[PDB]
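The chain below stands alone and is given in structure tokens; this is the form solved without the RNA.
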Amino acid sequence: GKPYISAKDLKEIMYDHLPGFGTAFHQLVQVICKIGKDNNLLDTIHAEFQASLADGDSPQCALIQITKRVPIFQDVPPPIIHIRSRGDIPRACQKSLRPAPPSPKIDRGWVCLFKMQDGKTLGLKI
């Protein structure tokens, strides 16, 4: 197993065992890999991903566990993603949206915040 992994390669590993496309978990992989890359934590995240799968977790469960175990996901907010309309959010995410609370936390299931033109913001939530 690779002691040192790039953000591109980690994304690919995580995508390799997810069903579907444009799901809330695909978005979560992107969020985790960006935060991992920016904070030099990709190998910690990769280690936790592997350890969770070895415990018999689904890859989706493994991603949830990453958000709960790895401290950075308490340290950093869900990223704001600016979008032009509701239709820009992938169809597999459309039934995973809620109005954002004041202080949404990644470890509570808030993947990212889509900020739309009317000033309103829909959080993606698992």
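Residue indices: 1-based, along the sequence shown.
**Q** Where do the C-alpha atoms have the higher mean temperature factor in this entry, in 81-89 or in 50-58?
**A** It is 81-89 that shows the higher mean C-alpha B-factor.
**Q** Looking only at CA atoms, which has the higher mean B factor in the entry: 70-78 or 34-42?
**A** The entry gives the higher C-alpha B-factor average to 70-78.
**Q** Return the residue from 10, 116, 24, 18 that has the highest Cα B-factor in the entry.
**A** Of 10, 116, 24, 18, 116 has the highest C-alpha B-factor.
The following text describes the form deposited with the RNA bound, which does not appear among the structures shown.
**Q** Pick from 30, 44, 39, 65: which has a non-hydrogen atom within 4.5 Å of the RNA in the deposited bound form?
**A** Exactly one listed residue reaches within 4.5 Å, namely 65.
**Q** Report whether all of 8, 26 and 81 sit within 4.5 Å of the RNA in the deposited bound form, measuring from non-hydrogen atoms.
**A** Per the other structure, none of 8, 26 and 81 touch the RNA.
**Q** Taking the shortest heavy atom distance, is residue 122 within 4.5 Å of the RNA in the deposited bound form?
**A** Residue-level check for residue 122: no, no contact with the RNA.
**Q** Taking the RNA as it sits in the deposited bound form, is residue 69 in contact with it (heavy atom to heavy atom, 4.5 Å or less)?
**A** Flag for residue 69 set to yes.
**Q** Would residue 51 sit within 4.5 Å of the RNA in the deposited bound form, counting heavy atoms only?
**A** Contact with the RNA, no.
**Q** Find out whether any non-hydrogen atom of residue 98 is located within 4.5 angstroms of the RNA in the deposited bound form, and reply yes or no.
**A** Heavy-atom contact with the RNA at 4.5 Å: present for residue 98.
**Q** Using a 4.5 Å heavy atom cutoff, which residues in 43-65 contact the RNA in the deposited bound form? It's fine if the answer is none.
**A** Those in contact are 58, 60, 61, 64, 65.
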